[PDB]
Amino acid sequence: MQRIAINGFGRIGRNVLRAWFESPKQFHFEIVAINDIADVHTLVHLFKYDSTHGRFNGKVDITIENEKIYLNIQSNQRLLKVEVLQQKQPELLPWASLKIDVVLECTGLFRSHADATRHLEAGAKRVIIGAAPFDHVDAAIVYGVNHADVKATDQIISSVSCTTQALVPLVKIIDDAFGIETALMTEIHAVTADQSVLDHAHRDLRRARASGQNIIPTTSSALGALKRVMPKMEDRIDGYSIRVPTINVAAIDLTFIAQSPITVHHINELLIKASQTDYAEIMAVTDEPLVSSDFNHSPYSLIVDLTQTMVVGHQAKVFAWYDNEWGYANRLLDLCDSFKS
């Protein structure tokens, strides 16, 4: 079967591996290697114990065989033997000897076409950048929207961002049915790994500020990314993100001008229908009075909160939740599974 490697064993990388074991349906590929600059004992500890998603429900054993380090991981009636590497320079990875079909690049540091190619140079056949593109990519994929357009020549694929995987379906479903003149996105997002505990020097002066204390407005990569998947939306959408002191789960607030008559009732019926048919793999809709923690560990790319839909004149707002870690992780698995042979 396909052989996947993970580069960067962080929030995303770890959750990717966890989600593999937890999936109700076994995936027709294996994760055979991981790479991080941190040492193996640190990685196994963080893999096993998570403040957000709880204890890994399984067993992990470190072995040294030849001069190589492996994890033997057993859970949910599955076992993976996974080689562990510690190489800060992607070009030096052994992807050639490990026969790596797909690298998931989850470090945040190799988003450029050139940087991503280092894995190719190392002998991997395909990279998925687990982030919005920086400059160029062969393809920008949202699973469940355009994963069928991947061609065998697409070697550098971006799986965009949590935010994009939620925004893109909403925009598409709604634009397809009612037509969107323009739209503006407000995201309300849990804290991220790159924020600060206390006020501290940082590249961004807002993300420098104490994350547990502040409401922090910041930029979002999701708009640039959406425009690469839907170029027709150029100059028709913008937005930003707001970090707030929760550990996980985010929401998108999308405000649009419709090109045809809208009611709350019709918007919701459209989204329900979308969720039951074409987008059932990735989208749910709820009518219950729920809050962020209710969607922690949810595998959906988005869960529309139909109770928040509002219309005034031609202007509407819709609202969807997502687990920004578990949704994304599951979509990386789904995406890999879609490559088939």
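In this text, residue numbers run from 1 along the sequence as written.
The stretch 26 to 34 shows the higher mean C-alpha B-factor when 26 to 34 is compared against 278 to 286 in the entry. On average the C-alpha atoms of 83 to 91 have higher B-factors than those of the other stretch, with 267 to 275 and 83 to 91 being the two compared.
The entry assigns its greatest Cα B factor, within the set 154, 199, 187, 238, to 154. For the set 167, 109, 244, 208, the maximum C-alpha B-factor listed in the entry falls on 109. Ranked by C-alpha B-factor against the other modelled residues of its chain, residue 45 falls in the middle third.
Among the modelled residues of its chain, residue 63 has a C-alpha B-factor that falls in the highest third according to the deposited record. Compared with the other modelled residues of the chain, the Cα B-factor recorded for residue 335 ranks in the lowest third. In the deposited entry, the Cα temperature factor of residue 303 sits in the bottom third of values across the chain's modelled residues.
When all modelled residues of the chain are sorted by CA temperature factor, residue 217 is found within the lowest third.
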